[PDB]
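# Survey of secondary and tertiary structure
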Amino acid sequence: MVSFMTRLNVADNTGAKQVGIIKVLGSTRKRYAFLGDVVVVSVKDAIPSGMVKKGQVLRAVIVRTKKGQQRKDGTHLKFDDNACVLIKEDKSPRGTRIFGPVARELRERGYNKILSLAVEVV
Amino acid sequence: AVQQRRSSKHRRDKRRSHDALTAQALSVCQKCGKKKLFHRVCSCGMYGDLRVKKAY
Amino acid sequence: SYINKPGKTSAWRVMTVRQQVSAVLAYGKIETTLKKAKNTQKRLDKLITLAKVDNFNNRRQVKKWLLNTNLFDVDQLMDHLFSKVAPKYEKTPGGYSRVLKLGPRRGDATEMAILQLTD
Amino acid sequence: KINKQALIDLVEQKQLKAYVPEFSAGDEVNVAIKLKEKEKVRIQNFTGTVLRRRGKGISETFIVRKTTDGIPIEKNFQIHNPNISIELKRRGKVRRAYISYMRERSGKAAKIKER
Amino acid sequence: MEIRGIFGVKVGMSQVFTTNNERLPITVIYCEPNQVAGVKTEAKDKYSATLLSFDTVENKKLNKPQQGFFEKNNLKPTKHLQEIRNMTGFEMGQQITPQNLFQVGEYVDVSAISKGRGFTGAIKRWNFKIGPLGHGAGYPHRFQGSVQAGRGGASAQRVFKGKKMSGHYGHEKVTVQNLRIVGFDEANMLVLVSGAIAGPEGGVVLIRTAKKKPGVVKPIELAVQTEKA
RNA sequence: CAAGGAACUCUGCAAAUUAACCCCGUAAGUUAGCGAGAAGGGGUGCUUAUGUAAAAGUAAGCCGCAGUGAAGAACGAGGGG
RNA sequence: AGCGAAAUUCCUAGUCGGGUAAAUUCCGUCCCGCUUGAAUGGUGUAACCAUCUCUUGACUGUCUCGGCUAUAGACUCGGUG
RNA sequence: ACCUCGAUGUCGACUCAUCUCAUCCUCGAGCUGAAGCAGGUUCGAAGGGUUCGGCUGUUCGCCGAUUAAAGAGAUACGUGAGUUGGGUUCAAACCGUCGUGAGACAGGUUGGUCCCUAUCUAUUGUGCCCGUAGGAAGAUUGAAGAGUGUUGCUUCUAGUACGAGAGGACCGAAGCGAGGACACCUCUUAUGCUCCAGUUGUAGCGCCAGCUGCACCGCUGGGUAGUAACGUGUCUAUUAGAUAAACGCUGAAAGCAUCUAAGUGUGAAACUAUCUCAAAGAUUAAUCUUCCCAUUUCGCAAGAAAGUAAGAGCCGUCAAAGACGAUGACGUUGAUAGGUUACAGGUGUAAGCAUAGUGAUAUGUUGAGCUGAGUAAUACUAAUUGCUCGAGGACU
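Residues numbered from 1 in each chain as written, not as in the entry; some residues may be left out. Chains lettered and ligands numbered in written order. Part of a larger assembly, values for the part shown. Heavy atoms only, no water.

The following threshold applies: UniProt positions are given in the numbering used here, feature names are shortened, and annotations may be inferred rather than shown by experiment.
As recorded in the PDB entry, chain E goes by 50S ribosomal protein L3 and comes from Mycoplasma pneumoniae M129. Reading the Function entry of the UniProt record for chain E gives the comment "One of the primary rRNA binding proteins, it binds directly near the 3'-end of the 23S rRNA, where it nucleates assembly of the 50S subunit." Heading Sequence similarities of the UniProt record for chain E holds this comment: "Belongs to the universal ribosomal protein uL3 family."

For chain B, the PDB entry supplies the name 50S ribosomal protein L32 and the organism Mycoplasma pneumoniae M129.

### Considerations on the pairing of strand β10 (residues 173-185) of chain E
Residues and elements named next belong to chain E. Selection criterion: Strands are treated as partners if at least two bridges between them are detected by DSSP. Each helix corresponds to a stretch of at least 4 residues labelled H or I by DSSP, and each strand to a stretch of at least 2 residues labelled E; elements are numbered beginning at the N terminus.
With 7 bridges joining them, strand β7 (residues 107-113) and β10 adopt antiparallel strand pairing. Bridged to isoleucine 113 within β10 is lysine 173. One ladder, built from 4 bridges, connects β10 with strand β11 (residues 190-194); its direction is antiparallel. When the bridges of β11 are listed, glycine 183 appears paired with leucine 192. Where β10 hands over to β11, the hairpin turn is made up of 4 residues, of which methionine 189 adopts a positive phi near 55°.

### Comments concerning the protein's contact with RNA strand H
Convention followed: We call a residue near a given molecule or strand whenever any one of its heavy atoms falls within 4 Å of it. Definition of a polar contact: a pair of N or O atoms within 3.5 Å, with one able to donate and the other able to accept a hydrogen when the atoms are protein atoms, and with sequence-neighbouring residues admitted only if both atoms are side-chain atoms. Classes in brief: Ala, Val, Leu, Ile, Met, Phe, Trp, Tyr, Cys and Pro nonpolar; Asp, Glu, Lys and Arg charged; the others, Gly included, polar.
Around RNA strand H, the structure places 140 residues, and the nearest of them are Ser27(A), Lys93(D), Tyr47(E), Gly116(E) and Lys211(E). One nitrogen or oxygen atom from the side chain of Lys4(D) is found 2.8 Å from a sugar or linking oxygen belonging to RNA strand H. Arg117(E) places a main-chain nitrogen or oxygen 3.2 Å from a phosphate oxygen of RNA strand H. When residues in the surface near RNA strand H are grouped by element, the largest group, 6 residues, is from β10(E). The residue makeup of the surface near RNA strand H, split by class, is 39 nonpolar, 50 polar and 51 charged.

### What to know about the interface of chain D and chain E
The cut-off we apply is this: Residues count as neighbours in contact if any of their non-hydrogen atoms are within 4.5 Å of one another. Here the quantity called buried area is the accessible surface, traced with a 1.4 Å probe, that two parts lose on coming together, added over both. For this analysis, a salt bridge means a side-chain nitrogen from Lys or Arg found within 4 Å of a carboxyl oxygen belonging to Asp or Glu.
At the junction of the two partners, chain D supplies 24 residues and chain E supplies 19 residues. Both faces combined, the contact of chain D with chain E buries some 1800 Å², and carbon together with sulfur accounts for 61% of it. Here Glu227(E) and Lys17(D) are joined by a salt bridge, their closest N and O atoms 3.9 Å apart. At the junction of chain D and chain E, the tally comes to 2 residue pairs in polar contact. Counting residues per element, the ones that place at least two in the side of chain D that touches chain E are α1 (6-11) and β5 (84-85) of chain D. In terms of residue count, α1(D) provides more of the side of chain D that touches chain E than any other element does, 4 residues in total. When the residues that make up the side of chain D that touches chain E are grouped by side-chain class, the tally is 10 nonpolar, 8 polar and 6 charged.

### Thoughts on the arrangement of the chains
Of all 4 pairs of chains in contact, the one with the most contacts involves chains D and E. Between chain A and chain C there is no contact; the minimum C-alpha to C-alpha separation amounts to 37 Å. The two partners chain B and chain D share no contact, and the minimum distance between any of their C-alpha atoms is 32 Å.

Next comes the structure, spelled out in structure tokens:
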């Protein structure tokens, strides 16, 4: 499972390359990440040509996971890597173009803005 | 660990009280002679009514 | 703590049971400890059932468990078995051996057992 | 009075799929999945090769892998699951009933089909 | 408060797809219909309960005293005999079907002896952290921790009773609650229930009404579809 | 042995990772010798043919999921005293 | 002269800047240096470090978070003890 | 400095916690220069819990992410006959200082030996003997008991009330949750040392093919059950009594007023209950059902005779159990274990043959082949035609 101080790639228009977890938002000592969990992140690598700066701590949500979690349907989708998308202070995400597909495990939880910028939803 | 003081003889009797042994099974040879133990081959080299080996 | 007897190993166990089944197939009766007798008898019956069919591939399979004895050799023992022993047990559905408890051993007081076959 | 555990297979006979098509690993297939959202019914076609096929009767599971937008995704499926439709596209060959390399390989490494 | 119960054995574990479009795992419990061995009313016996017999056996076993007891009341020869509290609304020697007691949606409870684990360590029993292995793992690193709290003749001076320690864990009739019944097999007299059931295969289980609620049925419906081409 | 990689911890103490062969390539510093196996990259299976005295090699074909298939195989870089 | 919050600075976890999301320890720099100090040498200084430290890449069972398997032990029976 | 200097091994940290309440949140109440929201004061309340990182031997301290909340002390600033020796101050080396000097720092810096097989008590499970008034097989209640009952987010209620504007409820309902705990292995993970596939070399099977041993299970990849979760499912709840703080009615003494004095109540995550678990060694030894014998009867109840027939025990097969004991089942009349048979499941086209090729190889045979533990019919084999104790309702 993904955890704190886990640098993974970004999947929208930010200009960053890697970004690590610092703490999972919510009740204390959860210590276990899952799909759609909002987290606090710190960028690891970023070019100035983007819209992010090194050393800044912001808020993101993991969308694709190398670990994989089983959905209520009983069909378990996995990814070979971990992907996170930054969100600006609310349900609205900073980025406009998303790279790669997403899942539907957060459709019932809102986040329609992200899926409006996603090509495929599982 | 060493004791605070040497163990008493009656405490030794208590220790060896549950260490007491019991007897064991016995059975008359239904085909061979003198007694033997249950579910065993007799000195005559056979199981009950089952000649399988020489006595000696 | 450290370097000592390697201990009983599954490889040593299978080699030992192979040796014992070769010996009993050579002789017929084996007196040992009951713990080895009971678990040896299972593989012995399996090999006997395999040998109930005289086919070269089955011979290849059974060669994986045969060894060399002074009384019988693997080539000698296979022919001996297929000549006299295999036809006799061919009319019985399993249970091709008898394990009978011996008395406590003179060396370790363990309840030995003798395994025999062929009526 | 005896428990054969065939009753375990008997209680679930109401749940068996009708056609139950036969296949194995190394076969490319496009499975149809019904996305029922209570406001619109969406059918999604998910294509890919078989990774494994476990048995256990009612719990026959099989993993299918796709590579969309440079993103590999592997989904486990069961025939017995309602609202799922299985369609066979082509069958290849494999010297196993389980694969691990394909779970970590890339393009130009797929298995060719044999007539 | 009347509680209806039955005795059964866990014979298998399975799964199913139900309505609301979600897959659920199902415990398979063979529930033997029982015979009323007796009742104790809350007027002479000081409390109300019903003793049932189950696990039927032959006529050469069930030693002659208990055989004569059973024959005296014309009881079915059985191996096990247990009572259910607060139930008297039946008559002597009545055959009971779980269908008349349990439904397709009602939540129930099960008292079942768990799987025996024999001697288990405190960590395996109380689920505490294993000692660190870095910078010297130490000769012990998998043990009880410490109970050292008494120094001087006024702090503790001894250990308290019931202190957590390794020993026998499990193999006790634990009660699991709020198990949604999934289905009934009247022909084979079996039940399929949601959740999990403690104990090994064929473990003795007692299924009664849940004590978290009087028992309300819910629209549990099983989902099956048939594709054909 | 699934994941995260030092977060545990005085501190990557440890452990773990690299590795043998040849084929490319190899930074700064500088007392010019070293650095340096620097670093980092390519591959080593089988069959046939060509290869020279032998190999190393080259070409073609073939298989496995992975081919010094097992055992003997330096972790590295930057900075300070 | 040189060097200096240094194996030397109590005040001091001194000031500033850099890395560090977040660093009293790290680096450069400031020199009122209680009491730096020139052969018990002073400043830089290459190769070398089973010397010490800081940071980073891979690596992970050190860590969230433990679980699984085989022996030797433990225990059971014998002998000795 | 009064036990201790003929013995308390000591600080921080890890694991393990515990006690109390001068109470941090969750709970409630009173009041407020508190419109609501955001507040403050005081009290009751200990039921529960109250973080992870950076600096540092360090508590503290500072910063960041926070979290519903990051309480205050003590249990020898708990925890070494549980762990490390991480700081000092054995010795050794070095810097500045002090002294003329060996040396010292009431300075710092570098690397710098952690013993104990448990006798009792206490604890956990575990058993043997006996008792409970003849004995056995069972079912039970329960006097005292033990477990825990924590909390956040979202939506509706409802922008209603409120204020004007900004903003924004009390109470209630539903869903999602987090921490911890219980159980299981249908899925999914992790393994899977008598499962299989491949693969290298060696030494062998008189040689090839094909096999075995060795090389960590030789290696790599899977995989039956098994075990644990990182997996599922559930639990946290509901209700009642007495109540705390607090809120009252009537109502006096004290013609008034008055929650108090009598009577009457309302009222808390606190107590008792409800739920989970154990049980009559509960010696205060309780209740109930059945069965065995009671074949005059000498003796303080059957030995002047039958000395249970009920059962229990020794032994074997054993595993749902299990350190060993025990628990539970079966002993020829038996399915207890193994074998046979077949099934499930796994590996995944055996060996061998023929064809094409110069050959590795590929094709048909071939879903063949085999498969430790799982599944059931099966007396085929092993559980002997074996043995020991054990009856007279005690007395009133």
